[PDB]
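Working notes for the structure below.
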Number of protein chains: 2
Amino acid sequence: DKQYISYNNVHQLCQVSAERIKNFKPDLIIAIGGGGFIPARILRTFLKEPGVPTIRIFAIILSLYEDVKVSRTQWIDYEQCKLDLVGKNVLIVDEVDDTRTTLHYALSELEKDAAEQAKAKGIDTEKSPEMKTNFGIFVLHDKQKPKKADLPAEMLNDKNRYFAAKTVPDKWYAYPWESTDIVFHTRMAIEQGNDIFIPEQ
Amino acid sequence: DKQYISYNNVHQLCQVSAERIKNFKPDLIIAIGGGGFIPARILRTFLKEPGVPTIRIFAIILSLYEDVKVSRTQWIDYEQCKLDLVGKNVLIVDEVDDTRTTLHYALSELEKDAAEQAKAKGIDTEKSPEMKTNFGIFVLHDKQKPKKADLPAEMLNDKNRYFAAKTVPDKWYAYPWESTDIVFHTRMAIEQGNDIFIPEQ
Ligand SMILES: Nc1nc2c(ncn2[C@@H]2O[C@H](COP(=O)(O)O)[C@@H](O)[C@H]2O)c(=O)[nH]1
Ligand SMILES: Nc1nc2c(ncn2[C@@H]2O[C@H](COP(=O)(O)O)[C@@H](O)[C@H]2O)c(=O)[nH]1
């Protein structure tokens, strides 16, 4: 029993979520895999405000192994990119929250990068808090079920640090960019109510 | 006079292009900006062959300035990623070819990386030509107008090295992930015959 998602749906999800996200006032977006990149890119179009330069999106690939083992398959070369996580608001993007495992470590590893950058600059997060980095999360879908790992309480709780376009029942979702027959995929999606929901203007 | 492109169209363009591209037998994809990432990601779904691991996609941002000036805003950290361009077939992806300027330098800079990564490896493409790197290009659209830059002739000639989904006229194309009203954008696209061109199965 699959749930078919149309491109246009993913687009409207980002759209509505764009507003709530506008608070967190992100300084940059870090996208997990290609899965998180597509919505991240769309998400950007909506966060564009006249004059203000367009927010940057950094893609990262993260591999998790067992017998937990983390592996930075593709990471941000802060060096050559000249990216400073210090005192910035980072928004982590990925399509769906299943067991939360992925975001758990994604946040984790990125936090290490922040705190270690802070040292390198000679700063003390303790003595001078404001210098700390504020992390945010954004997912199209957040499955409601038993999560096999977890994200820090204060964030997971604040409705302006963790955004789930939609929270949905434990099922398997097929995303437009995965299908080898978009036409079928689409027809299905429309038949399950997974197409638009915000009529034209 | 804009040309509205639907997500589903971009999807089918990749689909058909997937075949011709299957020859070049790409070892990895390097995507220019988010623009090239979305189609690159889709393109992947179609290149998947049972058993064989899924091809990797590397995103890069390239800034070009004048008064030409190149700036690696975001590049591939071959180091930590453990990526070897030597003797591999790289496919460069980006949504549209306008003045070719972008791809000109994108290819250029990436070629430097291959060369320098080839020499410092203790090899020479002259005596051992089975090691040089073969570059490929893929764009949804390739506008026909007089270009401002240029790619090597042997590549822009061999129809198994330069892939352009649909070769379009000189106009301005609005891509789905750019629109702030997908519904309108879509209706328009369908009315210009810029939606699907292949049916279900
Ligand atoms: N297409 C699709 N991928 C899923 C689904 N649930 C999980 N995934 C994939 O599995 C990864 C694991 O997420 P986690 O379980 O660690 O929170 C996701 O990022 C995503 O790539 C689903 O319903 N549909
Ligand atoms: N949306 C859109 N972007 C375009 C169009 N033509 C060029 N661009 C943008 O301009 C860049 C310049 O490409 P170049 O002119 O250097 O070959 C493209 O990669 C793309 O981001 C168009 O018709 N529509």
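Every chain in the structure tokens has a letter given in the order shown (A, B, ...), and although residue numbers restart at 1 in each chain, ligands are simply numbered from 1 in the order shown.
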
For residue 166 in chain B, list every protein, DNA or RNA residue within 7 Å, evaluated using only C-alpha atoms, and leave out those in the same chain fewer than 4 positions away; present the list as a ChimeraX atom specification.
/B:140-142

Can you list, as an MDAnalysis selection string, all residues belonging to chain B that DSSP tags as strand (DSSP E or B)?
chainID B and resid 2:4 28:32 56:65 69:74 89:93 96:97 134:142 144 162:166 169 172:174

Please extract the residues at most 10 Å from ligand 2, counting only C-alpha atoms and all ligand atoms, and provide them as JSON, numbers by chain, using the chain letters and residue numbers of this document.
{"B": [2, 3, 4, 5, 32, 33, 34, 35, 36, 62, 64, 93, 94, 95, 96, 97, 98, 99, 100, 101, 102, 103, 104, 105, 106, 139, 141, 142, 143, 147, 148, 149, 150, 168, 169, 170, 171, 172, 173, 174, 175, 176, 177, 178, 179]}

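With only C-alpha atoms as the basis for measurement, B:38 is the residue among B:38, B:165, B:60, B:14 that approaches chain A most closely.
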
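Across all paired C-alpha atoms, chain A deviates from chain B by 0.3 Å RMSD after optimal superposition.
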
Residues of chain B within 10 Å of chain A, counting only C-alpha atoms - could you list those as a ChimeraX atom specification?
/B:6-9,11-12,15,33-35,37-46,56-61,72-83,176-187,196-201

Could those residues be written to a file, using C-alpha atoms, as a compact mmCIF listing (two decimals), in the first residue's frame?
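In the end it all went to result.txt:
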```txt
# COMPACT_ATOMS: atom_id res chain seq x y z
CA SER B 6 6.26 21.45 -15.94
CA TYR B 7 8.01 19.18 -13.46
CA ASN B 8 6.60 16.18 -15.28
CA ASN B 9 8.07 17.48 -18.54
CA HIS B 11 11.00 14.30 -15.91
CA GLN B 12 10.23 12.89 -19.35
CA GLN B 15 13.75 9.83 -19.33
CA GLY B 33 24.10 24.54 -9.18
CA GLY B 34 20.70 23.41 -7.99
CA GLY B 35 19.52 23.93 -11.53
CA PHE B 37 21.04 18.98 -9.60
CA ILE B 38 17.31 18.37 -9.93
CA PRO B 39 17.52 16.91 -13.45
CA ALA B 40 20.72 15.11 -12.50
CA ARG B 41 18.94 13.42 -9.60
CA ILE B 42 16.02 12.38 -11.86
CA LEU B 43 18.45 11.29 -14.56
CA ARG B 44 19.87 8.91 -11.97
CA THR B 45 16.63 7.06 -11.33
CA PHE B 46 16.66 6.05 -14.97
CA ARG B 56 27.18 9.37 -7.46
CA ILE B 57 26.19 13.01 -7.95
CA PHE B 58 28.55 15.84 -6.96
CA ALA B 59 27.16 19.37 -6.73
CA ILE B 60 29.28 22.40 -7.52
CA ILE B 61 28.64 26.15 -7.61
CA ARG B 72 34.92 28.08 -7.10
CA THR B 73 32.08 29.03 -4.76
CA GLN B 74 31.52 25.36 -3.84
CA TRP B 75 33.76 22.59 -5.15
CA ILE B 76 34.42 18.88 -4.87
CA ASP B 77 36.77 18.01 -2.01
CA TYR B 78 38.31 15.09 -3.91
CA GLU B 79 40.39 14.51 -0.80
CA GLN B 80 37.86 13.60 1.87
CA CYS B 81 35.41 12.29 -0.75
CA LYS B 82 38.04 9.93 -2.14
CA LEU B 83 37.08 10.66 -5.73
CA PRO B 176 9.01 24.31 -12.23
CA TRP B 177 11.30 24.75 -9.23
CA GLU B 178 11.44 28.50 -9.88
CA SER B 179 7.72 29.25 -9.80
CA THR B 180 5.84 30.67 -6.82
CA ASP B 181 2.53 29.38 -8.17
CA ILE B 182 3.07 25.91 -9.56
CA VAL B 183 -0.65 25.67 -10.42
CA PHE B 184 -0.58 28.60 -12.82
CA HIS B 185 2.85 27.61 -14.07
CA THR B 186 1.54 24.13 -14.78
CA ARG B 187 -1.69 25.23 -16.50
CA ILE B 196 4.24 15.06 -20.87
CA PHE B 197 4.72 13.60 -24.33
CA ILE B 198 4.71 9.92 -23.31
CA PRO B 199 1.62 8.13 -21.75
CA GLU B 200 1.15 5.44 -19.06
CA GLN B 201 1.94 1.75 -19.55
```

Which neighbours of residue 116 in chain A fall inside 12 Å, counting only C-alpha atoms, when residues of the same chain fewer than 4 positions from it are skipped, and could you give them as a CSV table (one decimal) with N, CA, C and O atoms, in the first residue's frame?
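Full text of part01.csv as output:
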```
chain,number,residue,atom,x,y,z
A,78,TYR,N,34.4,23.4,4.3
A,78,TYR,CA,34.3,24.8,4.9
A,78,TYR,C,35.4,25.6,4.4
A,78,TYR,O,35.3,26.8,4.2
A,84,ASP,N,31.3,29.8,7.4
A,84,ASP,CA,31.5,29.9,8.9
A,84,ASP,C,30.2,29.6,9.6
A,84,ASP,O,29.2,30.4,9.6
A,85,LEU,N,30.1,28.5,10.2
A,85,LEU,CA,28.9,28.1,10.9
A,85,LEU,C,28.7,28.9,12.2
A,85,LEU,O,27.6,28.8,12.8
A,86,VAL,N,29.7,29.6,12.6
A,86,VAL,CA,29.6,30.4,13.9
A,86,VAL,C,28.6,31.5,13.9
A,86,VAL,O,28.7,32.4,13.0
A,109,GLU,N,26.9,15.3,13.7
A,109,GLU,CA,28.1,15.6,13.0
A,109,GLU,C,28.3,17.0,12.6
A,109,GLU,O,29.4,17.6,12.8
A,110,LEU,N,27.2,17.7,12.2
A,110,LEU,CA,27.3,19.1,11.9
A,110,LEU,C,27.6,19.9,13.1
A,110,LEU,O,28.2,21.0,13.0
A,111,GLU,N,27.1,19.5,14.3
A,111,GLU,CA,27.3,20.2,15.5
A,111,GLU,C,28.8,20.2,15.9
A,111,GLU,O,29.3,21.1,16.4
A,112,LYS,N,29.4,19.0,15.6
A,112,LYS,CA,30.8,18.9,15.9
A,112,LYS,C,31.6,19.9,15.1
A,112,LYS,O,32.4,20.6,15.7
A,120,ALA,N,38.7,26.7,17.0
A,120,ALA,CA,39.7,27.2,16.0
A,120,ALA,C,39.7,28.7,15.9
A,120,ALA,O,40.8,29.3,15.6
A,121,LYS,N,38.6,29.4,16.2
A,121,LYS,CA,38.5,30.9,16.1
A,121,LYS,C,38.9,31.5,17.4
A,121,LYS,O,39.0,32.7,17.6
A,122,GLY,N,39.1,30.6,18.4
A,122,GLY,CA,39.5,31.0,19.8
A,122,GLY,C,38.3,31.3,20.7
A,122,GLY,O,38.5,31.8,21.8
A,123,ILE,N,37.1,31.1,20.2
A,123,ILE,CA,35.9,31.4,21.0
A,123,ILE,C,35.5,30.3,22.0
A,123,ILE,O,35.9,29.1,21.9
A,124,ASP,N,34.7,30.7,23.0
A,124,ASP,CA,34.3,29.8,24.1
A,124,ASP,C,32.8,29.9,24.1
A,124,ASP,O,32.2,30.8,24.7
A,125,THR,N,32.1,28.9,23.6
A,125,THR,CA,30.6,28.8,23.6
A,125,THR,C,30.0,29.0,24.9
A,125,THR,O,28.9,29.5,25.0
A,132,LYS,N,27.1,30.7,19.6
A,132,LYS,CA,26.7,29.4,19.3
A,132,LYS,C,25.9,29.3,18.0
A,132,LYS,O,25.3,30.3,17.6
A,133,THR,N,25.8,28.1,17.4
A,133,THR,CA,25.1,27.9,16.1
A,133,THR,C,23.7,27.3,16.4
A,133,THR,O,23.5,26.3,17.1
```
